[PDB]
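Overview (structure and organization)
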Amino acid sequence: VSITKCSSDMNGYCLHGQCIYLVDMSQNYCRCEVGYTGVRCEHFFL
């Protein structure tokens, strides 16, 4: 449970959500907004 945050030049994927980092699987993690219709928070189906 050791997630880290991203920088200013690291938001090039998730538009509506938060940029973080996974320590168990070192990879740029991006939590999208609950309500979007894609795993990259970009097009609001509602």
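Details of the structure are given in the entry above.
Residues numbered from 1 in each chain as written, not as in the entry; some residues may be left out. Heavy atoms only, no water.

A word on unusual backbone geometry
- Look at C41: it is not a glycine, yet its phi comes out positive at around 35 degrees.
- Along the chain, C41 turns up in the segment after β3 (27-32). (Helix = DSSP H or I, 4+ residues; strand = E, 2+ residues; numbered from the N terminus.)

Thoughts on the environment of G35
- With respect to the helices and strands, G35 occurs in the segment after β3.
- According to the relative accessible area criterion, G35 is partly exposed, its value standing at 27%.
- Along the backbone, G35 and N11 are 24 residues apart, and their C-alpha atoms lie at a distance of 20 Å. (Buried < 20%, exposed > 50% of the residue type's maximum accessible area, 1.4 Å probe, protein only.)

A closer look at the pairing of β3
- By the bridge criterion, six bridges tie strand β2 (residues 17-22) to β3 in an arrangement that is antiparallel. By the bridge assignment for β3, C19 is matched with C30.
- Linkage of β2 to β3, two consecutive antiparallel strands, is achieved through a turn of four residues. (Pairing = 2+ DSSP bridges.)

Thoughts on the pattern of salt bridges
- One pass over the full model with this rule turns up one salt bridge.
- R40 serves as the salt-bridge partner of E42, at 3.0 Å between the closest nitrogen and oxygen.
- Accessibility expressed as a relative area gives 39% for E42, which makes it partly exposed.
- A residue is classified by how much of its surface remains accessible, and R40, at 25% relative accessible area, is partly exposed. (Salt bridge = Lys/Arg side-chain N within 4 Å of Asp/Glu carboxyl O.)

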